[PDB]
Each structure stands twice: as C-alpha cells, then as structure tokens.
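**Q** below: the sequence, then the experimentally determined structure.
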Amino acid sequence: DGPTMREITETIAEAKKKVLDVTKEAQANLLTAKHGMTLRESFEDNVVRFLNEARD
Amino acid sequence: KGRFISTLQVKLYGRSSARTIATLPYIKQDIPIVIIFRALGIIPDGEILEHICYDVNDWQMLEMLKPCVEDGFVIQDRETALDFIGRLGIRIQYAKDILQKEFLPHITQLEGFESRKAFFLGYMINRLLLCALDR
Amino acid sequence: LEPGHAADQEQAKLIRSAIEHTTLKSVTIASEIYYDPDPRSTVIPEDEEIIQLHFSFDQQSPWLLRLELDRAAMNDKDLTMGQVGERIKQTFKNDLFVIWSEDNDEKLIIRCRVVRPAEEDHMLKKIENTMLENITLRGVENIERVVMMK
Amino acid sequence: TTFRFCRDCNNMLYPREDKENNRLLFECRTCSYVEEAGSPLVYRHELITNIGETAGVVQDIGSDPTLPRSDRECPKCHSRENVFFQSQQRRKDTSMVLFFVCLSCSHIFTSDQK
Amino acid sequence: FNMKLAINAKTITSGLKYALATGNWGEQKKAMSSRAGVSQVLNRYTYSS
Amino acid sequence: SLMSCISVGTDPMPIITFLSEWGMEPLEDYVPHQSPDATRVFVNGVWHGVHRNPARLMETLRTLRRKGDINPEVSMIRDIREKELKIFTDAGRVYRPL
Amino acid sequence: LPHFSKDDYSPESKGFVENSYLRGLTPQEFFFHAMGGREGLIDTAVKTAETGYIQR
Amino acid sequence: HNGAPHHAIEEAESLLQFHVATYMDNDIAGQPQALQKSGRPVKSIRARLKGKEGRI
Amino acid sequence: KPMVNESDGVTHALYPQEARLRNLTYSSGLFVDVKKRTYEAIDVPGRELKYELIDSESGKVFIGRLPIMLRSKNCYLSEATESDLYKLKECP
Amino acid sequence: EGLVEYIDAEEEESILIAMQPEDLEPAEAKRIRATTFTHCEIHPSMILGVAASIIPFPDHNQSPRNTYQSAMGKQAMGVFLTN
DNA sequence: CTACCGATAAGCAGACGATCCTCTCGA
DNA sequence: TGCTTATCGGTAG
RNA sequence: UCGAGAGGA
C-alpha cells in the first residue's frame, strides 16, 4: 500500500538516527563497555540489534 | 622469470620477552638477522639499526631489536660473519656465493650490490615489527 | 549460585570475581626498570612520600622495578593496592622486597627490589615476565570471560 | 627512554654499575668504551598503549581523497576546513574516537570527552 | 646442426602438442606439475555459453 | 567481468629513467637521519630510490600515463600514511576503466 | 568499496540493504548481497562432504 | 651358484626384496615409489582391495 | 603464417576451418638465424691466456612449430572482413 | 587524451569513485538513495560477467537464484554458430 | 652422592574426507 | 590425534 | 581398459 511504503521508509529513517546517536556516542569515548566483550564488540551488537529491530 | 620458489621467511621468535629474529636457501637452519647484516659488510650495530629503525626517535622498535644483537654478538667482522657453515668441506666461499645469486634474486644478482640488498632486508624486518607492535 | 540465595544480584557479583582468572598483565600500564642505589633516597619525585611511610631484611639491591597501574582496570575488576602488595609479597617475602603506593594516591605504582647478599639487570627482566604471565591473582586458572544471567 | 652508542665502534652498549661510587655507566663489549647515564631508567615495557593513534600524518594529507572531511573548528586557529581518521593503533580493544587534522594550520585535536 | 635439429624440432612441436592437448605444464614424464585445468576444450552449446 | 582486462607486462627500465630525472636518491648511498619524510619508492615490490616531495612527483607521473608516454596498464599508488610509492608493470594484474 | 570513504561505520557501508526486492537493489547493496549469497553456497558444498562421512 | 662376489649379491637381493614388497604394497613406505614405465606406477594387491571402490 | 606440409606434396596453406575439418594441428613454422663460429687458441699449459681470436648453413634453420591462436596478430582472420569470412566457411 | 583511466585492484586503494554521475554531483517512487571523487563509474551493470548480463533485472532477484542461473544458462539450446 | 624411576617435553606421519548418475578426450 | 624417544630432576638407598 | 577433465538432483 501507498502509506505503508512511506511507513516502512520512516521505520528505517528513525533506525538510522538510532544508529547515528550510538555512532556519535562511540566517537566521544563514553560507551556502555559491556562485560567480557570489547567496546567495538559491544557497539556492533547494539548496532545490528537496531538494524534487525526495524527489519522484523 | 629466470622458476625458483625462493622465499625468505623472516621469523620473529618469542610471544614473554625472547624477541629473537630468518630462513635462507639452501640452508636447513634459521639465521639471526644481525649476522646477515654483518655478512653484507655492515658490521656497526648502529648502522644495522639504521636499516630497520628509520625514525631513531621511537624507542619501541629498538627495545625488540635489543636482544637480536646479543644473540649473534660473537660474530663481528665480515670474515667471521660469512664462515657460518650453511651445509662439510674445507666454508666461507659457499655462503659468499649464496649471497650473490640465491639470496634476494630480485633487484640484481651480480655482486657489488650489498647496500641495495640490505635495505630490502632492513624494510622486511621493519614491516614484521610494525605488526608486532599492532600499528 | 549458592542454593540459599534464590536470586541475589550482589551474591552473584561476589562469585564472578572470586572465580574469574586475572593477573598483573591485565592491570599494569607499563613495566619500568630504574636505577636507584640508596633505599631511603629515590630518584622519582612521585616515589617520595611512600618511602618514609614503609620504613618503621638483610642486604638490599640497587635495581628498582616500577610498575604503573590503571585506576580504571583495578576499579572495573575489583582490586585494591593492599591485596596486590601482599599477593607479590606471599610469592617471595624473604626472596624480594615489595613496596606499594597508597590506594588514595593519583599515581598507582609498585616498587620491587631484590634481597640477596652486580649483573642483576638481565636477571631482573626474567622476573618481570613471571610477575605478569605466571603469578595468579583471582579465581581458578583456564577461566576467562565470566557473565551473570537472568 | 632514548638509547646511546659508542663513538669509536658504533655498537650496542651494556649498562654497568659503579660498585664503589654507586652510579650507572653504559659500557661497550667490542671495545672498553664507557659513559655516564643520562637517565636512571633502563628498560620500559608499556602494555597499555596510547602511542601511534595519530601516526603517519604528512602535510600532504589533503591530497588523499579517501579520507572523510569535517566542518568542525580548531581551538586556536578556528579553521573550518578539516580532515579526520579513526584510531591508527590497529588493536582488538581500541575505541572509535576520531582524530581531526587541519589542512591549513597543521594542528591536531581529539573528539574525546572522558 | 640442422640434421640434429630435425629430431629436436619434433621434441619441441610434440612438446607443445602434448601440453596443449592433455593439460599439464610439465614434462611428458607425468605426475610432475599435473595441472589438468589448463588445456580445457572450448564449449559450444550457446553463443553466450 | 565485462570491463576487466589482464596486464601483459611492460619494460620497467624506461620509467626508471624518468623517475631518476625528477629526483631519486640511490639506495647504495641513502641517508636515513638527513631525510625526514622519506617516501620509499618501489618498482614491482622492489626498492630502488627515495624522493623528498612526492606531491608534485605524483602530479607529474599521473599525467604521463594520460598523455601516453607510460602505458595505462602500469599501476601507481601513493600511501601518505606509510610514506610509500609502489609502481607495478607486472604481468597478471586485473584493471577496469573509470 | 572504493566508492566509500575511509573509516565509514554507517550501516549502508557495512552491508545493510534498505531497498525492497520489488524496489530493486542498488549496485552497492547488490555486491554485499552477492557476498552474503556466495558465502551461503560455500557453507553448503563444504558441510555436505562432512555429513556423508558422519553418516557412514 | 657361480663366483659369489659378496657385496654384489646384496645389491641384487635388495632388488628382489623390493620387487616382492612392491607386488603386495606399492603405496608404500617413506622414500621408495616404484613405477611401470611409461611413467605410471603398478597396481599392488594392497591397492587393489583398498577402501572406497576397491573389492571391499 | 600457419602452413602444414602433407605426405608427398607441397606445404598446404592451413586455414582454421581446414584444421577443424581435416583433424590437424593449427601450427605455424619457426626459423632462427644461427651463427656457427670457431674460435681457436694455439697454446700450451702455462702460458695460457687469450685466443686472439679466430658456417652460413641453409636459409634460416628450422627449430619447430608453435600452435597459433585464432584471431591473433599472426593469423589470417585478423585481416579478414565479414564479406570474405563466409567464403572461408567461417562464422562472422 | 586523458579522458578515461585503467585502474588496477592495488590502484583502487588510493582513489574515490562516484557511482551515479547525476546524484553524486550538485547538492540535492523509485528505489532508495565529502565531495572529493577522483573517478566515475561507467555503468553499474558493468560489475556483472557474461551469463550474468543476460539475466533480466538481476538486482530484483535473490543472489543464489542468479548464481543458480549463472551456470544453468550455459546448458541452453539455440544457435551457437551460423557455420 | 650416586644410581635409578618416572616425569614432563623434543621430535614427529599417519590416512580418511556426501551417495548415485550422465558424457567426452587422449596415449 | 595421535604416537614415538631423551632429558630431566627427584627419594632412597 | 586404465587415467584425466566436464556436467547433473
């Protein structure tokens, strides 16, 4: 459907900003730094979560 | 093309603090790099280190380079730097012939090009330490 | 967990730290070797207040081993300067003299000297790697990344 | 932290201790050469490193178009025309903190907040 | 020269014939540099194929 | 691929002459301390010389191929982050037009 | 890809397909998709050999 | 039977020891190989009833 | 240019369709200009040193035949156009 | 004339290519969407091979479906030559 | 203090790797 | 994924 | 017949 296509477009648009804010967070050193795993390992994990969050 | 599957696997030993550092054809033994530079006519340790450490400001390379000097400190002059067997018969001449032809086939394989061959070897050890420091 | 504790957050945190395998290699920023002969007079201006405090075995060594420590690494994995100081002391005691900075201090360092009544420099380097890649600190060996689960 | 070498024979120096005067003196093995210590420090390990995070920055940095460009301003020159790159220390643990280098001022500034 | 060259031309023409028909960039000895995916016969089912 | 083509191999000697005519220090008599930002110049993964300012060097060399003096098959890279310049006239390289 | 800038940690530059199959994949998406496909058949051809050995 | 040359018999006996062994196993050891010119080896009894498409 | 000589006959002008049909190798002849020189030294053991210093064969001596590639620089097909390619029994 | 250039896989490391010469040029429904581009891409369809170019709308299909087709297209009838 | 009893490392090759089916091309 | 074979250092005779 | 390659669900 017409509005559904636009609704799917905005789902990926908010997700991009969701990833952008996490990307900006990692650039300023301040990050969650989850136990055991690396800071970069922690980033990818939270990034791919947002990517599939919008997808499904 | 000349085929020749000639390869010089320059190997860095030790993972605590035994940072010794290369294979040469046709020799069934690993040769410390300091002896290789002395056999090329470069006897002073400072000049040898100038081939590896281009930036004499950074200390990190020299620290890893510190033990690979004392390991072959017995060998000093070119006369004693070439005598290392390689094979037994009589040999200094056998290893002398290896350096001109077999060792570093690219660039040139004539004779009087010791400075050109040592700089390639100097860069190879440099690249090996660059990944050892994780740079 | 202990059957007595059904679902205790702080009890689980007590276990994970008591089992996780850790060493000096995981906390030390840099391992330095300095030259200082007088035991009551150190070259380092930071290592001054610490000296007079510790003074209150037989024949000392003029070879000092300084070890810079990360304030965050000791904080994130639960460690103190007192517990580390005695962990190195228990592995030697009569063999080596161990000095350590106060936990309150801005700079966290460990001062180590030999006690054997000089060719010690090259011998000290072998002792350095044993302190970082051999001496255990917390939990049982082979153990790695530990995680709590809901 | 820097190391010195004999003037006569350009060979490696070994530190020797004056057991009488109580002071460090770097000696030679090839020859009998000696010299007084410039610094009490002998050997440094440095496990945790901050070095080489801003490595390989020739002033011909503007020539490389592969690098992404920023609209940020310098603290002293206030230059808008800037270029940047991630941590040059290629390690498993290292963070994704940006390093801004300016084309016309040669000054380098971080994006770090900790 | 030329009389010996007649037998030598045969070893050179057959040396090129052997490799280009079988597929092995080595001597007629066999098992030495036995790379068979060299002299592959041309496909002719479709023009695009 | 449709566009892709393989290299046949051109003689490296003509290019070696042009490189020497624009600034090239011999490897037999090289200065490490004297030269600060030493741009290590490589021909087919083989060290030959060193040049001080490669900015104008690359600028002159890039148009030399475009003119037709140097075969466009031959590749040339400038790594500013490692102070290096590799030039390849080797046989077997895959190249696409842009 | 040479089409992307250095140290670009965006989802679009790391294999994320925003376009629908109906919409049509862009060349950037299509190559990363081809990588995700090529790896798939490799996981088939290899794991199938070990299975025949496992059953016997 | 004839004029036994001592260290000339062993040079032939070793050939018989080789011929009898290559007949049963031509796979075979660390350094010997044995072939039936033109350049292709002989099919031994071990290799005739060997695993996967071979008697058993 | 690819030409293969037959039994009791002249060197036949071998064409791509001819080799494909007659089941023959599309090979081109090679000839080198060899220089035979001797090159003597009237000497006895010590001394010794230098020579100071001392055959035109047939018109370019044969060495063998190289299989020539179709549409290559040394092939008939490189010069040929569509109009004449049909008379050669070759597909354009 | 110096209008087009042949870039090797090694040479691709030091350059930036602009895919769309229209979109990636000024500032600024169909499919979804620093300015220092050294080179320009001829046409995106040029990344495909032989049999791949014969596939209609390969972007709209799944990659293994085109990978299955890639080798399947080799086993076709038609006319290969006129001779 | 020496002879013996077992400890861990040095040195160090082995033979296996889907099931069936189609077809050509030599030497 | 095994095996093979020296070297080692240690208790008690 | 042996050996090599190509292709199939």
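**A** All right, it came through fine. Numbering: from 1, shown residues only, chains lettered A, B, ... in the order given.
**Q** who touches residue D:92 in this structure?
**A** Residue D:92 sits next to A:38, A:40 when contact means C-beta atoms under 8 Å, 6 or more residues apart in numbering or on different chains. Yep, even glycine has a C-beta here, placed from its N, CA and C like the rest.
**Q** look up how far chain E lies from it.
**A** For residue D:92, the distance to chain E (C-beta to the nearest C-beta, to the nearest Å) stands at 40 Å.
**Q** which helix or which strand is home to that residue?
**A** Under DSSP states H and E, no helix or strand contains residue D:92.
**Q** give me phi/psi at it?
**A** For residue D:92, the backbone dihedrals (degrees, to the nearest 10) come out as phi -60, psi -40.
**Q** so how far is chain F from it?
**A** Residue D:92 is 20 Å from chain F, by C-beta to the nearest C-beta.
**Q** what sits against the residue in chain G positioned nearest to chain B?
**A** Across chain G, no residue is closer to chain B than residue G:7, which sits at 16.1 Å (C-beta to the nearest C-beta). By C-beta under 8 Å, 6+ apart, the contact list for residue G:7 reads D:68, D:85, D:86.
**Q** what about those, which are in helices?
**A** Per DSSP state H, helices hold no members of these.
**Q** can I get those in a markdown table with neighbour count and distance to chain H?
**A** Shown next, in a markdown table, are those (neighbours: other C-beta atoms under 10 Å in any protein chain shown; distance: C-beta to the nearest C-beta, whole Å):
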| residue | neighbour count | distance to chain H |
| --- | --- | --- |
| D:68 | 17 | 57 |
| D:85 | 22 | 55 |
| D:86 | 19 | 53 |
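**Q** neighbours of residue I:9, how many?
**A** Number of residues near residue I:9 (other C-beta atoms under 10 Å in any protein chain shown) recorded here: 7.
**Q** which residues in chain B form helices?
**A** Counting by DSSP H, chain B has helices at residues B:33-39, B:45-52, B:60-65, B:67-70, B:78-82, B:92-100, B:114-130.
**Q** now for the closest residue to residue E:47 other than its chain neighbours: which residues touch it?
**A** Closest residue to residue E:47 apart from its sequence neighbours, by C-beta to C-beta, 6 or more residues apart in numbering or on different chains: residue J:80 at 5.3 Å. Applying C-beta under 8 Å, 6+ apart to residue J:80 gives the contacts E:44, E:45, E:46, E:47, E:49.
**Q** let's see it at 7 Å
**A** Contacts here follow C-beta atoms under 7 Å, 6 or more residues apart in numbering or on different chains; on that basis residue J:80 touches E:44, E:45, E:46, E:47.
**Q** could you point out which of the helices of chain B sits nearest residue C:110?
**A** Each of the helices of chain B has some distance to residue C:110 by C-beta to C-beta; the shortest is helix B:60-65, at 20.5 Å.
**Q** from chain B, how far out is residue D:80?
**A** 31 Å.
**Q** report the central residue of chain A.
**A** Note on chain A: the residue nearest the mean C-alpha position is residue A:19, at 3.3 Å, using C-alpha atoms, centre = their mean.
**Q** separation between the residue nearest to residue E:47 and chain C?
**A** According to C-beta to the nearest C-beta, residue J:80 and chain C sit 61 Å apart.
**Q** hmm, back to that, who wins for neighbours among the contacts of residue J:80?
**A** Using other C-beta under 10 Å as the neighbour definition, the contacts of residue J:80 reach their maximum at residue E:46, which records 16 neighbours.
**Q** ok, it touching residue J:72?
**A** No. Counting by C-beta atoms under 7 Å, residue E:46 stays clear of residue J:72, with 11.1 Å between them.
**Q** re the thing from before, out of the helices of chain B, the one nearest residue C:12 is which?
**A** Evaluated with C-beta to C-beta, the helices of chain B place helix B:60-65 nearest to residue C:12, the distance being 41.3 Å.
**Q** show me what that closest one is packed against.
**A** In this structure, helix B:60-65 makes packing contacts with helix B:45-52, judged by 3 or more C-beta pairs under 7 Å, 6 or more residues apart in numbering or on different chains; DSSP states H and E.
**Q** can you tell if the helix it packs on touches chain F?
**A** Yes. Applying C-beta under 7 Å from any C-beta of the partner chain, one finds that helix B:45-52 is in contact with chain F at residue B:50.
**Q** just the contacts of residue G:7: which are in strands?
**A** Those of the contacts of residue G:7 mapping onto strands are residue D:85, per DSSP state E.
**Q** closest one of the contacts of residue G:7 to residue A:26?
**A** For these, the minimum distance to residue A:26 (C-beta to C-beta) is 10.0 Å, reached by residue D:86.
**Q** state the distance from that closest one to residue F:94.
**A** Distance of residue D:86 to residue F:94, computed by C-beta to C-beta, to the nearest Å: 29 Å.
**Q** swap in residue C:112?
**A** 58 Å.
**Q** picking that back up, save the contacts of residue G:7 as TSV, and put in distance to RNA strand M too.
**A** Below are these laid out as TSV (distance: C-beta to the nearest atom of the strand, whole Å):
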residue	distance to RNA strand M
D:68	43
D:85	45
D:86	43
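**Q** where along the chain do the helices fall?
**A** Picking chain A for this. Using DSSP H, helices in chain A cover A:2-27, A:39-55.
**Q** that's the other chain; I wanted chain E
**A** Going by DSSP H, chain E shows helices at E:2-22.
**Q** residue of it nearest chain B, please.
**A** residue E:33 (9.8 Å).
**Q** which SSE is residue C:83 in?
**A** Counting by DSSP H and E, residue C:83 is part of helix C:81-92.
**Q** returning to that earlier point: for residue B:93, state which of the contacts of residue G:7 is nearest.
**A** Closest approach to residue B:93 among these (C-beta to C-beta): residue D:85, at 52.6 Å.
**Q** next up, the contacts around the closest one.
**A** D:67, D:99, G:6, G:7.
**Q** kindly recompute the last result at 6 Å.
**A** Residues in contact with residue D:85 (C-beta atoms under 6 Å, 6 or more residues apart in numbering or on different chains) are D:99, G:7.
**Q** what's opposite it in the beta bridge?
**A** residue D:99 (DSSP bridges).
**Q** ok, it to chain J distance?
**A** 13 Å.
**Q** ok, residue B:28 next?
**A** Taken as C-beta to the nearest C-beta, the span from residue B:28 to chain J is 35 Å.
**Q** what about that residue, neighbour count?
**A** 9.
**Q** what ranges do the helices span in chain H?
**A** Assigned by DSSP H, chain H shows helices spanning H:10-24, H:45-48.
**Q** so for the residue of chain E closest to chain B, what's the nearest residue that isn't a sequence neighbour?
**A** That would be residue E:26: by C-beta to C-beta, 6+ apart, it lies 3.4 Å from residue E:33.
**Q** test my guess that that neighbour contacts residue E:32.
**A** Yes. Counting by C-beta atoms under 6 Å, residue E:26 does reach residue E:32; the two are 4.2 Å apart.
**Q** report how many residues lie close to residue 35.
**A** If you meant another chain, say so; for now it's chain A. 12.
**Q** try again with chain J
**A** Residue J:35, neighbours per other C-beta under 10 Å, totals 11.
**Q** for chain H, what's its nearest residue on chain D.
**A** Among all residues of chain D, residue D:92 sits closest to chain H, at 43.2 Å; criterion: C-beta to the nearest C-beta.
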